[PDB]
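Given next, in structure tokens, is a single chain: the form deposited in one PDB entry.
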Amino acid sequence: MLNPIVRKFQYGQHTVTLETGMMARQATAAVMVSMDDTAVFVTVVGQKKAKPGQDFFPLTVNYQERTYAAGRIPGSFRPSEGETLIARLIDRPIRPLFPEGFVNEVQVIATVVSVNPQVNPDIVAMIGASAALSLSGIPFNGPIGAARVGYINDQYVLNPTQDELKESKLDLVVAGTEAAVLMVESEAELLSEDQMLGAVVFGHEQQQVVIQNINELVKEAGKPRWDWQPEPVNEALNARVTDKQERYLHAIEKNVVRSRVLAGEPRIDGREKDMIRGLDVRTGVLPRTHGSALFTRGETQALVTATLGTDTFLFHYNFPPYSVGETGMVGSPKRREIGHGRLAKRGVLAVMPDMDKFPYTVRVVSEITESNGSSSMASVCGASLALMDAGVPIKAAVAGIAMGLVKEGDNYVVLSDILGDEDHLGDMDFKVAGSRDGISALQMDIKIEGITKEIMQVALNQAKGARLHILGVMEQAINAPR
């Protein structure tokens, strides 16, 4: 006999249905999530025992859309770019919630079984993974909420439909727990810092009903929590022990950098907390392409090209191994290229001219020749210069930067233009792209609690000045498209 445990709740203009304890019973947990007519079957399998010599935590999130979900039969057609991006939209918020030291293999599989053309399955899958990981018993400090925030008629809209996104000046996706925001992925039409930040708070407050309803479902049908504890801290072994290529467990060396930044001492390369690296802006680097640009920000360089033809706006991103001075594979999008490429696309999509004024298919290819701090934001700067070189009449010039944060108690330091080493060690990756008048793209990845409205407001303010500084240098080289 099969017994389905069902909980329904109102979420904006939709009803979210959660079913468990019936389908896929050999999985650690499995939920059928339905937001109106769109449905995603999410499963989580966590291995009971960790492997002997495991150095990292293996988390694999698999997203897959079925053709039968829309009621279609495939023609002449390995996950697509859209499926990989949504898989990362699930992976990013859930990853830092597994306790420090947890090494067991966990796999999340989300498959779309039904889809309404107006309701996007990406939010449905994120709620499904949040429900499954909480019902499983696997140590997971959730549950998380998922909310898409629009901006129609100067007002924030919770989970706007595909038709409502046409009127919206914002496509922000926010994820986080009851305590603090974890992820943020968005695209905007040059909105101010307060408008962008207000959207993060709006979505985080609205997604609380999702967290509350998963919690109650765990109280009713949740499997007993995994009896797990990390290997105890041994003090006997702990207390006993400018250029990136020249400089680069050393947990103590990682601590020294963190303690130096909080004290107010110069950074690893010698810069201050708000200083930007050496800039080099160039236009017309390649003779046979329509537009070419070579943007350099310290030890981060991008060779960006623009091609005109007769999707209307294509963006490609290449990350070769020689950018970091290493020998790897080529052509294979290492769980990065698709993510950073769409990030750089969202930073440029706002200033792109209308098809009525400029009826041409534009493809932008970014080549990362050097990487030492956010090559995705360097691609945003390079794209703007390459489009102006090609003769593409973009509304305004666009630049991007990456921001870092080290927080200790109530003492926090906002870092401008973070390095490769400064990423791994910070508590918050913070990428802002936009023009002199607004923000086109905003990305957040937070791992700590205590991150509030004010701290994020100061972080955006220092990011705005960092953006305006590069835009000033960019204007000195080129300021108008052919």
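Numbers for residues come from their place in the sequence shown, where the first is 1.
**Student:** Can you tell me how many deposited residues have no coordinates between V330 and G331? The categories are none, 1 to 3, 4 to 9, and 10 or more.
**Tutor:** Unmodelled stretch: none, continuous chain.
**Student:** Which class describes the count of deposited residues lacking coordinates between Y248 and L249: none, 1 to 3, 4 to 9, or 10 or more?
**Tutor:** In the record, 10 or more residues between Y248 and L249 lack coordinates.
**Student:** Once you work out the mean C-alpha B-factor for both 102-110 and 298-306 from the entry, which is higher?
**Tutor:** Averaging CA B-factors over each stretch, the winner is 102-110.
**Student:** As stated in the PDB record, which stretch has the larger average Cα B-factor, 453-461 or 26-34?
**Tutor:** Higher mean C-alpha B-factor: 453-461.
**Student:** Kindly indicate the residue among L425, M444, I439, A69 with the greatest C-alpha B-factor in the PDB record.
**Tutor:** Among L425, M444, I439, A69, the highest C-alpha B-factor in the entry belongs to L425.
**Student:** Compare the CA B factors listed in the entry for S366, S384, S292, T242 and report the winner.
**Tutor:** Highest CA B-factor of the listed options: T242.
**Student:** Among the chain's modelled residues, which third holds the C-alpha B-factor of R346?
**Tutor:** Answer is lowest: the recorded C-alpha B-factor places it there.
**Student:** Among all modelled residues of this chain, ranked by Cα B factor, put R148 in the bottom, middle or top third, i.e. lowest, middle or highest.
**Tutor:** Tercile = lowest for this residue's CA B-factor.
**Student:** Ranking the modelled residues of this chain by C-alpha B-factor as given in the entry, is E185 in the lowest, middle or highest third?
**Tutor:** Bottom third by C-alpha B-factor.
**Student:** By the recorded C-alpha temperature factor, relative to the other modelled residues in its chain, which third is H316 in?
**Tutor:** Lowest third.
**Student:** Is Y322 in the lowest, middle or highest third of its chain when residues are ranked by C-alpha B-factor?
**Tutor:** Bottom third by C-alpha B-factor.
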